[PDB]
Amino acid sequence: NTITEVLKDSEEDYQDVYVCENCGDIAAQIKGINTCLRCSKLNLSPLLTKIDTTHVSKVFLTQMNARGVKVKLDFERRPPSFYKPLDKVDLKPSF
Amino acid sequence: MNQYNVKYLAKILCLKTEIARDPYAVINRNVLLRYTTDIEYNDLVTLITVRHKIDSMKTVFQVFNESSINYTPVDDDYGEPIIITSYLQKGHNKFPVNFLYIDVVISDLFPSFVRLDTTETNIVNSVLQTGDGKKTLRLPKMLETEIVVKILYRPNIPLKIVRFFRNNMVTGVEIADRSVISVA
Amino acid sequence: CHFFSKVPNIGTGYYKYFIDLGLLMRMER
Amino acid sequence: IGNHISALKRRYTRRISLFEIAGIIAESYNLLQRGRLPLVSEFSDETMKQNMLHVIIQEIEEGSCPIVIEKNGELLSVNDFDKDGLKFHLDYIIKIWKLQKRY
Amino acid sequence: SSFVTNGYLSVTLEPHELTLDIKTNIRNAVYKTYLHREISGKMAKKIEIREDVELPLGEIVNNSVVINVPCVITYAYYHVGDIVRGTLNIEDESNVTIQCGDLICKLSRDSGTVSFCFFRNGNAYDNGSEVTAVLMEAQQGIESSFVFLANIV
Ligand SMILES: [Zn+2]
């Protein structure tokens with residue numbers, strides 16, 4: 001946790017940023033509505049998801065896009081989990 | 001084949017005899033203390049007789065060059081010819097000249113190894129599971145063409161895992177395992 | 001993990017943490 | 001023979017080290033600092049005059065710590081670990097915290 | 001034109017909301033993030049919180065908690081060809097729309113004219129008049145409402 005907090009951007013500089021799960025572009029906000037211009041122009045309705053990353057990461061990815069490399073991110077949707085009682089274990093030796 | 005490398009091959013054809021007698025025996029230099037060998041050299045066919053000291057049972061191996069093979073079984077034959085090849089090839093009875101430049105079996109670098117039985121294999125497979133569903137870890141790999149695999153061969157027992165008893169400077173001996181991967 | 005600002009799978013980060021709200025929801029004002 | 005090995009490994013899962021208890025305390029402390037409700041017995045206005053680390057330790061000891069940890073494909077609460085190991089690590093932690101003027 | 005399903009909705013809570021008012025905060029968040037919003041071409045017109053099943057464990061992510069709330073969802077949607085009726089609304093010379101209970105119909109430019117507002121699609125329609133339309137093409141919804149390119153019936 002310590003190294004994670006050291007390498008991140010300051011908590012006071014957070015803001016809401018949305019990414020398109022289809023093409024990886026950062027979604028624009030027009031008239032208060034989040035929209036992917038590229039995918040909208042192609043008549044698609046992809047999912048937009050919030051991310052919490054550094055500014056330098058966004059710059060690096062955008063430059064890679066400028067060089068022609070497309071970077072697409074997926075997200076984890078693990079099914080819900082439930083806690084169950086467990087039987088007791090001692091672990092001491094027999095003396 | 002020449003008059004020297006046959007003497008080196010005779011020692012490998014004592015570990016193979018031991019494995020023929022018992023497929024789960026531990027293989028290393030010390031096995032040689034239980035056998036004697038007789039060699040009759042010839043440029044066309046070499047004859048190697050392996051004899052078990054306590055039982056006095058004989059096994060006869062016929063050794064040919066790759067180019068000219070003229071094999072006919074004799075009394076107490078191993079049942080298959082031994083072939084010396086120019087380059088490494090698949091087959092438990094084919095040995096390249098590269099393996100026979102030196103007396104391989106008695107070198108300090110020769111391993112100590114064994115084949116696992118069904119119970120030990122089940123235990124190993126159980127230990128590798130991560131406990132999260134059916135995910136599992138994987139052992140390090142070794143090629144099917146190593147001399148260890150050639151020595152541990154049986155027609156009706158596939159070989160998937162090999163256990164090694166490593167020399168260890170602080171604990172004496174350490175146990176490790178490898179998985180065998182095929183060669184095309 | 002560093003590139004995307006995630007917690008590395010090292011030390012305290014080797015495990016995953018959840019919160020069980022069962023006891024909180026069984027309390028009544 | 002596989003079931004016996006599985007049972008042995010499930011028992012092995014219950015031992016506790018510094019990393020796990022430190023992570024549990026860190027999560028609980030972050031949540032409490034940012035404003036969750038403490039789950040101690042006899043909760044009252046006198047509870048807010050205590051030290052937060054005292055509250056966290058009390059929650060752990062009386063079995064009302066809300067944090068759950070996933071270790072070897074299982075979900076464990078702090079009280080599912082071996083009791084003696086938890087006492088061992090908590091004693092050490094409390095000593096060094098007292099040296100730091102935290103506890 | 002609708003169906004009913006059982007499923008989980010994912011929501012995010014802050015630590016200061018893990019108090020005695022936990023159920024109220026969960027309900028408010030669920031309604032705020034799913035009540036009248038069109039997602040994947042469908043809307044959820046009614047959401048029921050089970051209140052009779054075990055709540056799953058919440059996942060801690062940085063400084064927040066993620067919770068899967070079980071619910072019964074009444075999904076509603078529309079397709080091409082449906083006939084609807086709604087109040088006309090003119091804001092400028094280019095933007096003319098029809099507002100319905102939960103649907104917005106957009107009229108193409110090459111359909112009528114705006115003068116004064118009033119609309120002339122072969123008949124005189126006063127700003128705020130009720131008109132019938134038929135959906136033709138789909139788009140992305142805005143401010144919790146369906147959007148469809150439609151022509152006046
Ligand atoms: Zn897109």
Side-chain angles (χ1 to χ4, degrees), chain B residues 19 21-27 111-142 148-149 152-154 156-166 168 170-182, chain D residues 1-32 36 39 56 59-93:
Chain B
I19 286 294
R21 182 185 296 268
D22 171 43
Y24 300 108
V26 179
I27 301 300
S112 179
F113 50 93
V114 68
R115 177 203 290 271
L116 299 182
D117 62 53
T118 184
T119 300
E120 297 162 326
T121 302
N122 287 334
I123 288 175
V124 168
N125 287 326
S126 182
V127 167
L128 291 173
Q129 292 182 11
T130 62
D132 174 66
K134 290 181 179 179
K135 301 181 182 180
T136 176
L137 301 167
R138 293 177 298 183
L139 296 173
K141 306 169 188 177
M142 66 185 296
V148 166
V149 177
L152 302 173
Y153 175 89
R154 296 294 298 263
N156 298 125
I157 310 181
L159 185 69
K160 301 295 182 181
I161 301 174
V162 180
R163 171 160 289 173
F164 292 84
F165 305 99
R166 306 172 166 178
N168 187 290
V170 322
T171 70
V173 61
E174 187 191 359
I175 288 175
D177 294 325
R178 294 246 177 192
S179 65
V180 184
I181 63 178
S182 303
Chain D
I1 187 63
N3 289 124
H4 188 54
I5 302 297
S6 293
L8 293 171
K9 292 173 70 180
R10 278 194 299 273
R11 284 185 65 84
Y12 194 92
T13 297
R14 301 301 185 88
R15 51 200 281 294
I16 180 72
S17 74
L18 263 184
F19 286 136
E20 300 159 59
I21 185 62
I24 290 170
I25 291 172
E27 296 294 356
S28 188
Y29 185 62
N30 187 44
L31 292 179
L32 198 74
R36 74 164 175 86
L39 307 173
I56 290 168
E59 286 183 357
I60 287 172
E61 288 176 341
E62 77 182 20
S64 62
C65 183
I67 304 300
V68 170
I69 192 174
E70 182 182 8
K71 179 168 180 178
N72 282 331
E74 306 191 35
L75 296 165
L76 291 81
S77 62
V78 73
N79 298 113
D80 291 318
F81 292 98
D82 173 49
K83 185 178 184 179
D84 288 356
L86 183 61
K87 181 178 176 182
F88 175 87
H89 292 301
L90 286 180
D91 287 0
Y92 172 75
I93 289 169

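Below, each value reflects all heavy atoms present in this structure, side chains not excepted, and no hydrogens, waters or symmetry copies. Convention: sequence-line order gives letters A, B, ...; per-chain numbering from 1.
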Subject >> Rounded distance [0.5 Å steps], OG in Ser126(B) versus NZ in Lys9(D) >> reply: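 Output value for this atom pair is 5.5 Å.
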Original post:
Between atom OG1 of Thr121(B) and atom CD1 of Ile1(D), what is the distance when rounded to the nearest 0.5 Å?
Top reply: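 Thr121(B) OG1 to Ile1(D) CD1: 12.5 Å, rounded to 0.5 Å.
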**OP:** Among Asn122(B), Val127(B), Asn125(B), find the residue that satisfies the side-chain contact (heavy atoms from CB on, under 4.5 Å) test when tested with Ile5(D).
**Re:** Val127(B)
**OP:** Could you pull out the closest heavy-atom pair between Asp132(B) and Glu70(D), with the gap in Å?
**Re:**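 Taking every non-hydrogen atom into account, OD1-OE2, 4.5 Å.
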Original post:
So with a 6.0 Å cut-off around OH of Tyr24(B), is the heavy-atom count from everything else above 12?
Top reply: yes
Original post:
Are more than 12 heavy atoms from other residues, nucleotides or ligands located less than 6.0 Å from atom CZ of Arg166(B)?
Top reply: no
